[PDB]
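# Understanding the architecture of this molecule
Here are the chains, one letter per residue:
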Amino acid sequence: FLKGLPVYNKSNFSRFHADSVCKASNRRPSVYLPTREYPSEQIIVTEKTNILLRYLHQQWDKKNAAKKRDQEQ
Amino acid sequence: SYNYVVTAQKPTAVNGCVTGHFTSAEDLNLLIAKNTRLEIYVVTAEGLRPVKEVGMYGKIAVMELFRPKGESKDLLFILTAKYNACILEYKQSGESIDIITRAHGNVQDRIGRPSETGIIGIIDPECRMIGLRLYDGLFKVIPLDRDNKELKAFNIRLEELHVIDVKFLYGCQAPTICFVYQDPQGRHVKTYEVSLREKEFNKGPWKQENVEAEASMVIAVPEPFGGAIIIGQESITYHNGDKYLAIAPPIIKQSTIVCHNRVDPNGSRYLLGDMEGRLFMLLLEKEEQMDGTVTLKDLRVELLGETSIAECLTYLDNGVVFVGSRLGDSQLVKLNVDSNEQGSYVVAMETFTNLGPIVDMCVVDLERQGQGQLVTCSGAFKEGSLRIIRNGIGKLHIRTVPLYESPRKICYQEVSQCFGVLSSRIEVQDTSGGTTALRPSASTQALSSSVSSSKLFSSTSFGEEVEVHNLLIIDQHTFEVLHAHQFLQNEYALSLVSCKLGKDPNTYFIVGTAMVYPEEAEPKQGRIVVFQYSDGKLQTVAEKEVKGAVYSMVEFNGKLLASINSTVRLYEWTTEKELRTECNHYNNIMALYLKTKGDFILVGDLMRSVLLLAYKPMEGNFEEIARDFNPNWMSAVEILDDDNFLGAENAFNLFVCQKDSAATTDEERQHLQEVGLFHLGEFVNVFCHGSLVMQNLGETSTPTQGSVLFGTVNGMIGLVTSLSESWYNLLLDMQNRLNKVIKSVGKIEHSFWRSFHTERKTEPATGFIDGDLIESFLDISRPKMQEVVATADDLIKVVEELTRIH
Amino acid sequence: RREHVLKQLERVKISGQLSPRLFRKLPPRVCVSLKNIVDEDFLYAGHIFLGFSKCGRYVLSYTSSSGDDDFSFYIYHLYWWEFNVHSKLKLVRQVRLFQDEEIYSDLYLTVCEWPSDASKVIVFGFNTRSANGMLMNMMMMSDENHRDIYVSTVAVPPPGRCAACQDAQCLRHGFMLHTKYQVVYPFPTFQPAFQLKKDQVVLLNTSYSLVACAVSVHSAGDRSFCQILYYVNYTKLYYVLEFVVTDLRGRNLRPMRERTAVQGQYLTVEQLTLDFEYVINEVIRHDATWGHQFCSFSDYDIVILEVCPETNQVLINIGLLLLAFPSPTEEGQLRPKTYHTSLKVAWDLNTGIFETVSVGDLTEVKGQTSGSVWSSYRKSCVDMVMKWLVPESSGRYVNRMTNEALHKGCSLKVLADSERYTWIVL
Amino acid sequence: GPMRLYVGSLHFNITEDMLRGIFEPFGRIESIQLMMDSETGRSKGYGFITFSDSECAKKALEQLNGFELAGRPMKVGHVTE
Ligand SMILES: NS(=O)(=O)c1ccc(S(=O)(=O)Nc2cccc3c(Cl)c[nH]c23)cc1
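Residues numbered from 1 in each chain as written, not as in the entry; some residues may be left out. Chains lettered and ligands numbered in written order. Heavy atoms only, no water. Residues with missing side-chain atoms left out of burial classes, pairs and counts.

Determination of this PDB entry was carried out by X-ray crystallography to a resolution of 2.3000 Å, according to the record.

Written out as structure tokens, the structure is:
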């Protein structure tokens, strides 16, 4: 049948309930208010070179390396 | 002008839901994106255990969990609407909970226009890269490698300039993107291999395939099956090289599939959510081969039942599914093997409050006077409701009145002790000729009912969805629908007002309508209808034919002020009980919003910012006083005071423009200088003068003057109060000093987040104070309250005096 | 299948998604006839309406007064009019373009706006051919080998307020820069989207060089300076109120030429020039694989391929007609043949340095027309630009205004303000 | 001028300035008429180029008719009015 649904832990939702008719505006998660500063391993940076300029530069380097094939086959 | 913007109710709509092992390798987490807020939960025996709420300085546009090689547990990638990108790690040293910013940086390009189907962020199954679709004709690649101190992102030109959806495929040697694109020939599917070495696209593993015209979603089926599922309006298709399967189930044709969820890790079962709220199960029939490989034998869809209209579906565990909703309440549902008496396999376990979208609201002293209560028009379609909100001593208290149809406008009539609510219901035409209601609603279950017997417009399609507009008369105590007045066939009720006009001692319900015929897409005719609700019965008093759509209506010194398309028109109420045109203003584009204060009128245009009109009682005509010459697409307007006006714009910013005080010439007096700019991050639909706090009855000189409540699409309720130049200068230095101590997840500068931003300009925040950052001072530790430099160390005299509102 | 406006407006309230891009398939909200918003009707001068400003506040127009004095010298004026939906247009600025200029033939003039810099507009004007040094009864007669280019930068009316320092009307940013140069065959292409991709800068192709011209105004705040150049020619000049020859003026006549030390409002005129022949020779000498075979070059044609305002890089293509010895292979005598090629060069506006991006192979002309060669080379540039096309943000585009009503190309039908969905029907 | 030419089957992004750049090398142009769609503000993919000398126009027609521009084969022919 359509049901033989994933079980990550049989205990999950086995003791669940709040038992109320269509109502729960509970913002139970405590807000995270950071004070401690921890360094970053990396900084995400965008490549400044234009896509056309990048392509024309590498395509010319492909053509040049193909010409440096000299002194036999 | 100087203002204080504070949150009374945080956004309640669910914009995105994701699962994984973020807090621990063994913990099964549920991560909810509520606009700017990230809610972390652990799935336990009791249900969802709350962890922490992360307040990002940005609208969460991309939220995906991923695990690179060697990593202890999953990492979270977040991309904001302002293009701030970050990789986050959860750290817990016993009791101390901390979120580490692994990598941060802005990925915005000066070139490139944002795409129609908005920011898409995908992560490669082998975690070789992150792929971003922000702009048309560009694909951003973020290589994932811990070895280098920088993550050097690069753009690859995408020939297909109109991409609908994109996914990274599983079981691939090189990272591979599968996408649906539109062009004059229609919609098609395409694949490309991503080369990190060459920084380009290589020929796709499988050729271009012509897909359905309304093909909207791409599903990447995991490693066993491989390939991609495409969902359209009329069909579901599977694609993996020469392998192809297409199904046309007539059931899915009725409503658009908008979300999907992989149930099985192998990809055998998928949950599919409808615009109607219907829940489906997509079944992928397995085909085990002698080679050790697996293929797809068949595709089958089964209707499971009904849920809230889902934005995101998320299987959690043991048949329990999270239904993330933005047009209604969110839910926890149970998938049972056995179906009930109705024939449904789905059973609701819990309901979570969502006030959004708030389309209209009003402030009323319902139960006891002086204590204000908000009465909103919430949700849409079957999720449509009224929400009664109040600051209840013994924080916020919400009462839900389900309507099972779209609430549009709300007004209160104290003399009648009731609410006048505009509602719309969807009706589908059958083989009978007449349209039938899908489900019972507030307009069909009313105690007494009436139909519009108007003959003014003296001179349909099967399956086509039509809107049936009604004026509902709702009791203020029971919230029962006392009366339902059905407007004309194809008539749309747009505006609503409750007032006394001229010398008439009777209070009326006035409705501005528009005729919406299937033949023409433009509103060329409407009506202004005057109704009176007496001892149980509602009667039609008068009707005035207009040459367009009645967008807004405001009572104006005993007269009826209405906006008909591009015209702003003033009406008088004659002794013959008829409406007579006094004056007109024609210099508008789409006059959608109107507000009044004395002889002054604030005109909000949908495309051409805001305009100030003054009615001259001696001349009996309008005068254009000033204009905000700045280009703004407006969502809502408000009059703060005689010379200051508040505006809400389409790029989720707030602005305040004022009459020029240093203006010498008549031309300079006609210019409204913008003196207040702030990035709210919410789309404001309604502004209201009011408070949820008791009048006075024991009160002290407030640091702020005025009180403007506002309702947004995300269900967020906020306050705008005007501050003194002395209070502003104090809190401005405080705001900047608090930013040096209060850290930011993803290393996004607060000043950047709050800056006025549009596709045309980016200017810093001015004349506005972020009330949520100022109020966070009460939650930090005593040794970290060191933001004060000349004495008065106990700054709890202020801040706590500021929390007194809301 | 077009949807009802009211269904779309209903969708905005529940989605929070409102944009001009979303409403692009919607018809104009308001259409005004020019006749109903124009004053002094019946035959109100020679006003050729060009269109709306990017901000949608001004409607621009121009006049071409021939002046039948037999000899006939053209006078050009540019007008700014305030638009107010159904109300009549109000003139806010009347300016004279190319002062003291002997315009012998009717110029094709185009008014352009910068991507984000709204403080000034640029007016390009060109004749079909240059006026000769002769006369043939009926008219002056043209020079088939030359063409004149007139370039004028005019300040836009202030949005209102400040600099009440009148001292009698006239103001502070009521400046005018105007220049004139001659071009030879193959007459350089007009590329306003690229020539103005960088704010406050105009790139000019004078057949022999590419001139980057930056015009900027500064107050006596030492916070900002030099956009062009943080070796080939660079000239910086200063001007206060009260190589391409540029004569500055106020809204009517000449300002005082000043040097650095001046404390008050000052204008800067910068010119970075790139010599084509020096570039061509330097590319052949250092990067062309066939540089040994090269003898000389007959002619060249420069087309801009891309302008990157963030990295201050200008990508240009150089179409080259040259004479070269054929490959060392002996099939008889090796007489030099005429070949066509193309060199791609990236010019850094910050350093002034140029870098070789691509060197094309030598293609034999084989008795082709010079015109056939340039036409084919320019089709190859259009092909490249179209192929690498990436749509841009609105309000970053170059507003190009034209109305060739007098140039046998006939008058415009509609002047549109797309962001406000407003049409002026002529 | 002796010869008016119909230029058709153009890509909608091709501007009047591009058409001038592509046809001008053959000789003097009296007028260019790129046809614009009033409702969109974009090209109709066709126009009229009038040369001052018929021989310049005939050579332009020979070298440009049937050949691709932005992947679209250009259509060039003689036209009266
Ligand atoms: N719509 S577009 O393709 O993005 C586009 C459209 C116009 C421009 S232009 O204004 O810079 N002109 C332009 C560019 C390239 C070649 C030529 C020739 Cl030859 C004459 N004018 C050219 C750039 C890009």
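## Some thoughts on the interface of chain C and chain A
Contact residues are listed per partner, giving 18 residues for chain C and 11 residues for chain A. Of the roughly 1400 Å² buried where chain C meets chain A, counting both sides, 72% is carbon and sulfur surface. Across the chain C-chain A interface, the total number found is 1 salt bridge. One salt bridge connects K63(A) with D361(C), and the closest N-O pair in it is separated by 3.7 Å. For the pair chain C and chain A, the interface holds 1 residue pair in polar contact. Those elements giving two or more residues to the side of chain C that touches chain A turn out to be β18 (294-308), β19 (313-324), β20 (337-348) and β21 (354-359) of chain C. (Contact = heavy atoms within 4.5 Å. Buried area = accessible area lost by both parts, 1.4 Å probe. Salt bridge = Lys/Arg side-chain N within 4 Å of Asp/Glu carboxyl O. Polar contact = N/O pair within 3.5 Å; in protein donor to acceptor, adjacent residues only side chain to side chain. Helix = DSSP H or I, 4+ residues; strand = E, 2+ residues; numbered from the N terminus.)

## Some thoughts on helix α1 (residues 16-23) of chain D
Taking burial as the measure, the 8 residues of α1(D) include 6 buried ones, the bulk of the element. Those residues of α1(D) that sit buried are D17(D), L19(D), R20(D), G21(D), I22(D) and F23(D). (Buried < 20%, exposed > 50% of the residue type's maximum accessible area, 1.4 Å probe, protein only.)

## Brief notes about the domain arrangement of chain B
Residues and elements named next belong to chain B. Per the domain assignment, the segments making up chain B are domain 1 (3-352), domain 2 (358-725) and domain 3 (726-804). Relative placement of domain 1 and domain 2: their C-alpha centres are 38 Å apart. Facing the 26 residues of domain 1 at the interface are 31 residues of domain 2. In total, about 2200 Å² of surface goes out of reach between domain 1 and domain 2, with carbon and sulfur atoms giving 54% of it. On the domain 1 side of the contact with domain 2, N3, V5 and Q9 bury the most area, a combined 27% of that side's loss. (Domains from an automatic or database assignment.)

## Topic: the environment of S461(B)
Turning to its location among the elements, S461(B) is positioned in the loop between β38 (448-451) and β39 (465-475). Separated by 57 residues in the primary sequence, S461(B) and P518(B) have C-alpha atoms spaced 8.7 Å apart.

## Let's talk about the side chain of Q8(C)
By the element assignment, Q8(C) lies in helix α1 (residues 5-15). Since its relative accessible area comes to 15%, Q8(C) is described here as buried.

## Some words on the interface of chain A and chain B
In this assembly, 47 residues from chain A lie in contact with 83 residues from chain B. Of all the secondary structure elements, the ones that give two or more residues to the side of chain A that touches chain B are β1 (30-31), β2 (42-46) and α1 (51-67) of chain A. Here the side of chain A that touches chain B is composed, by residue class, of 22 nonpolar, 13 polar and 12 charged. For β2(A) and strand β9 (residues 96-106) of chain B, the ladder comprises 2 bridges, and the chain directions are parallel. By the bridge assignment for β9(B), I43(A) is matched with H104(B). (Nonpolar A, V, L, I, M, F, W, Y, C, P; charged D, E, K, R; others polar. Pairing = 2+ DSSP bridges.)

## Quick notes on empty space enclosed by the protein
The space that makes up the second largest cavity amounts to roughly 130 Å³. As for the second largest cavity, its lining consists of 16 residues, and the residues nearest its centre are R608(B), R627(B), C55(C), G56(C) and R420(C). By residue class, the composition of the lining of the second largest cavity is 5 nonpolar, 5 polar and 6 charged. (1 Å grid on protein atoms, 1.4 Å probe; cavity = no way out; pocket = protein on both sides within 12 Å on 5 of 7 lines; lining within 4 Å. Points joined across faces, edges and corners; volume = space filled by probe spheres on them.)

## Observations concerning the sheet that holds strand β43 (residues 526-533) of chain B
Residue and element names in this part refer to chain B. Spatial ordering of the open sheet is given by β41-β42-β43-β44, a layout of 4 strands whose pairing is antiparallel. Strand pairing shows two members of the sheet lacking a second neighbour, β41 (491-500) and β44 (538-546), which therefore form its edges. Taking each pair of neighbouring strands and ignoring which way they run, the sheet shows an average axis angle of 20°. One ladder, built from 9 bridges, connects β41 with strand β42 (residues 507-515); its direction is antiparallel. From the neighbouring strand, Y492 faces β42, where its bridge partner is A514. (Axes fitted to C-alpha atoms, helices over the stretch in contact; angles between N-to-C directions.)

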